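Residue numbers (the entry's author numbering), protein chains in the order written: chain A, 5 to 199, 214 to 425; chain B, 5 to 199, 214 to 425.
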């Protein structure tokens, strides 16, 4: 049955990508037991994590381009098998360049997880339900990030880092063998009905780059607020460290509920409409949430003092988390959905490369502006870029969203 | 008397820059008598005019940078003496490379006219009256453009192109000798009271480049509408050639009244305010007029048919001309006004180089988008860029407008 296959393939892909995001950050999760066992440096740890970041940028791009050509089930379970072999070799490693090289290989293999998920969600799930199941699979990412450090500290208190990370890699190998048999990349695999364009017809479509610059701005504003809202509450808003950490936790909880709400309400907006090729019924709430980022960063910049209570801090953290992790889910939804069927993952990779560009823009120039001028000037520049792109995307909401050839 | 010097120096500079803009386009003005006398090609004529355009781009930049170092009266009357010597040599010329080289030298010498006007208006006129006298000197430019072809056709019907252009150059020589003695570049020349920063302190100020990108967008949208609104009414709006030409004349008359209204009402807004260094009281109506460009191009794009009358065409032409030539005057006003006193012309030149960039963007990529997609898609991309920069400049209205050092 078609719904039985939707349930089974998405549950296997749910557990699979939870294992993916758990083993994208396992060295981050079991970091205290490893630095108790063997000594490292701060710059050495940063080199390992930056090697993963560079390899995972390259691998998101290469895996998005390759997921259109080769199948999704083999690319998915081969990525999880490579992650498992990497963690098996990593737990039995002792010297620092072997740590850095194997974690570079894990950065290469973590990219092979999500564009197969994008191809499966593209060919299986209807556009009237694509956003909410996309949001539940990003909730699998968030569930891995939640249950990661807790049970990681449990298994690092019970067993060592070698045993925990080796059993995690062996679990990736087992879930790879048991998720190769439980992903079908199209409904035409089991005999069900499915639901021509080239790459230059995707790249010359303006909606890919409007979507990419909107995702660039939204991810850069998300990343600068996520990385420096703690210091913005410490230094220019007079709040303590507990209020800044609880503001980050409010932004994360609001981000989970905002990703799920963006998916579900954008699928409600897609079911009620969808007769024309120009425009997108997901823009009608993507713009609500980008205006929510505007109103949220304004009411967090000018209406936060040292005397305004923690309730307003938590409310504004939840509303900016809502209004920010919603659009990142929606730019992923549209980069997979408004693309041609054989140019879906390429479109999502070209959009997701702007995550790397915006992460660099929120790391070095945002901290540069916050060091030279002030923190409020830097976060206000972020609010200006986000609100100007909110207005620009409200203008550009009615370009030809369905990409590829024009006929 | 201080007001007597304001009147006399501005009247001499008024007649001077009228002679400047009349002799910037005299070969364009007396073009029919010259093509009756000697034969040319369309690409030859285009090479002459493009040589002037390139030399005048280079000369606006070099003259703006040089007007801060050397005096304004000598640079001004030396520019007018060079224009006069060029036209004296040009009227007595016969061969095509001499035409192109002398008109290149006129392109080099027309740049030497306006940054001395900017320095004189900067040091003489108060910021509570700077915009309206700036607008009257741009009205001198428009008066030269109005009385140019009319009396040019009169003097080309009476005398030849040689006699007319030679008497025009001799009038530039006479007005140069009689305007060197009637421009004082500071009130400290005659003993009146006047009204430290470096170049890297100007270039690293963000308001110069926010102002430059706003002027880039406004001049590109002005230039694409001015160059292609005729064809947009011919081809996609069903209007005849007379309605398109009268729409352009309505945009020009509206542009003159909008430049003067921007200057006068921005000086009224400057007199009523002006206590802080952040923000600019001219932004409060520069944003009204950029929103006027937005509303004007929207109500000209979607509420113009083949059945909507010529009254709505003329009203929308006047309102977009208002709302477009207002801001170009105001970006000049602010590029001269919000700059340091010894970095005024450099700031105006760095802003005015974006006129060259936006003129190229409205020439080749705008016609490229209008050839590939449609005319309404191209003008809608122009409306999107103008409205997105309207919103971005409404955000950025409160950056530190006073440029230079921070103390």
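Ideal Cβ placement from N, Cα and C applies to all residues, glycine included.
If contacts are defined as beta-carbon pairs under 8 Å, then residue i and residue j qualify, I think. What distance do you get, rounded to the angstrom?
| i | j | result |
| --- | --- | --- |
| residue 229/A | residue 352/A | 6 Å |
| residue 295/B | residue 418/B | 6 Å |
| residue 112/A | residue 63/A | 5 Å |
| residue 75/A | residue 184/A | Between residue 184/A and residue 75/A the Cβ distance is about 10 Å, and since that is not below 8 Å, they are no contact. |
| residue 122/A | residue 176/A | Not confirmed; about 20 Å, so no contact. |
| residue 33/B | residue 119/B | In fact, because the Cβ distance is near 24 Å, the residues do not count as touching under 8 Å. |
| residue 269/A | residue 335/A | 4 Å |
| residue 370/B | residue 68/B | 7 Å |
| residue 272/B | residue 338/B | 7 Å |
| residue 246/B | residue 384/B | 7 Å |
| residue 127/B | residue 27/B | That pair is no contact at about 26 Å. |
| residue 205/A | residue 342/A | Since the numbering of chain A jumps from 199 to 214, residue 205/A cannot be located in this structure. |
| residue 257/B | residue 324/B | 7 Å |
| residue 407/B | residue 232/B | 6 Å |
| residue 19/B | residue 179/B | 6 Å |
Comparing the C-beta of residue i with each C-beta of chain A, is any distance below 9 Å?
| i | result |
| --- | --- |
| residue 396/B | no |
So residue i contacts chain B; which residues on that side make the cut at Cβ distance below 7 Å?
| i | result |
| --- | --- |
| residue 234/A | Under the 7 Å cutoff, chain B gives no residues; its nearest Cβ is about 15 Å from residue 234/A. |
Bridge partners for residue i per DSSP, in chain order?
| i | result |
| --- | --- |
| residue 418/A | 296/A |
Check the Cβ-Cβ distances between residue i and every residue of chain C, and say whether any is below 9 Å.
| i | result |
| --- | --- |
| residue 259/B | Checking the listed chains, one finds no chain C in this structure; the protein chains it contains are A and B. |
Next on the checklist: Can you pull out the residues from the stretch 392–421 of chain B whose beta carbon lies closer than 7 Å to at least one beta carbon of chain A?
Outcome noted: 402, 405, 406, 409, 410, 413 and 414
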